[PDB]
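Taking PDB author numbering, I'd label the letters of the sequence shown as residues 3 to 125, 127 to 261.
Built from N, CA and C at the ideal position, the CB exists for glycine as well.
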Amino acid sequence: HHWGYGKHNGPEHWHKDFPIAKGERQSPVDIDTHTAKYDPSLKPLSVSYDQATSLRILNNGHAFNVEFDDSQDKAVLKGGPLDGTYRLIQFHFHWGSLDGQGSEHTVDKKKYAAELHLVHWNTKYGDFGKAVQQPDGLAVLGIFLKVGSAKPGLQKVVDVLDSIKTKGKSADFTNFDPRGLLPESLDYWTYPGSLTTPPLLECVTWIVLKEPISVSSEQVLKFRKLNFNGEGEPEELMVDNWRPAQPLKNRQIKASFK
Ligand SMILES: CN(CCOc1ccc(C[C@H]2SC(=O)NC2=O)cc1)c1ccccn1
Ligand SMILES: [Zn+2]
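So this is what it looks like as structure tokens:
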């Protein structure tokens, strides 16, 4: 009886195994656009993905992860609210059963169809496992997806999903350029939070882009054909793999833009 997104093991149950689920800096949150404060001291975000080396795509039973070589400073996030250098380790998405839900963060209570998370770790902690034990260990760049025109740069991801349908399947996934998943603007909101799955560690500086990317209905329909289950188990469609908004508590969301 392990955690997941069902009636019996979903977010409302996670606190039993992971009491930090009720902590002081949990994610995601609703972004109240009128109460976020413009912070003119926030720097532009530096996204340096020119040298990114993708390796593999994995269905881990909760999402699919596109994994990168993080053994050198090749794909790094710097600037914005961050001190020092954060290495890209993986990206994944959260999405819904319906276009009207799927994002983890919300904007004035609006749910997007999906949310992309580019996960980066602070190089001053040496490895990802050490970084998650630190309050400034990770930087996650969150990007909303809305359904409209196709995202050309997403299609290579969409087309490999047939090969990783079930939990524990992986495939080669080299030479994927994550710059093709970014919107035009790097305007962002930022706040201190957590991993949005168990172990729910309070180690993340969240950077959520204001501008969504557009993906087509066909692209997100292919996400929804993935399975939570392993091969030869009853089919459970991988849909609604999002944690809902958590209490903001004693936090301020800052805007990089007026
Ligand atoms: C290091 N580790 C393994 C898991 O740590 C995680 C890091 C990120 C994620 C993905 C989350 S965070 C986000 O933005 N969206 C997600 O889905 C999940 C687990 C540990 C460390 C201690 C105990 C157990 N495992
Ligand atoms: Zn995530």
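Member of the options whose CA lies at the smallest distance from the CA of residue i
i, options, result
"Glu236", "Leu189, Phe226, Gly63", "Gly63"
"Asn253", "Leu224, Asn230, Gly233, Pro195", "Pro195"
"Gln137", "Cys206, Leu118, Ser99, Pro83", "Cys206"
"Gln74", "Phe66, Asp175, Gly171, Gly129", "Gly129"
"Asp85", "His3, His122, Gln103, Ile167", "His122"
"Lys168", "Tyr7, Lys225, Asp139, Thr55", "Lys225"
"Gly183", "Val161, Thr208, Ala174, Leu157", "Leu157"
"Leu189", "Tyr7, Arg58, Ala258, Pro30", "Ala258"
Burial state of residue i, where buried means 16 or more other Cβ atoms lie within 10 Å
i, result
"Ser48", "exposed"
"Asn178", "exposed"
"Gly98", "buried"
"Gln255", "exposed"
"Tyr191", "buried"
"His36", "exposed"
"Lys39", "exposed"
"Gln222", "buried"
"residue 1", "Past the boundaries of the shown model lies residue 1; the chain is included only from 3 to 261, so the question cannot be answered."
"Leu164", "buried"
Cβ-Cβ separation, residue j to residue i (assumed contact under 8 Å), whole Å
i, j, result
"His96", "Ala115", "With a Cβ gap of about 10 Å, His96 and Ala115 do not count as contacting."
"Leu203", "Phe20", "5 Å"
"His119", "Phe93", "6 Å"
"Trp5", "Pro201", "5 Å"
Counterpart residues of residue i in DSSP-defined beta bridges
i, result
"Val121", "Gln92, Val143"
"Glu106", "Note: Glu106 sits in no beta bridge, so no partner."
| task | Could you pull out every unbroken alpha helix (DSSP H) segment of at least 4 residues lying fully inside the region 140 to 217, listed in chain order? | result | Whole alpha helix (DSSP H) segments, 4+ residues: 158 to 163.
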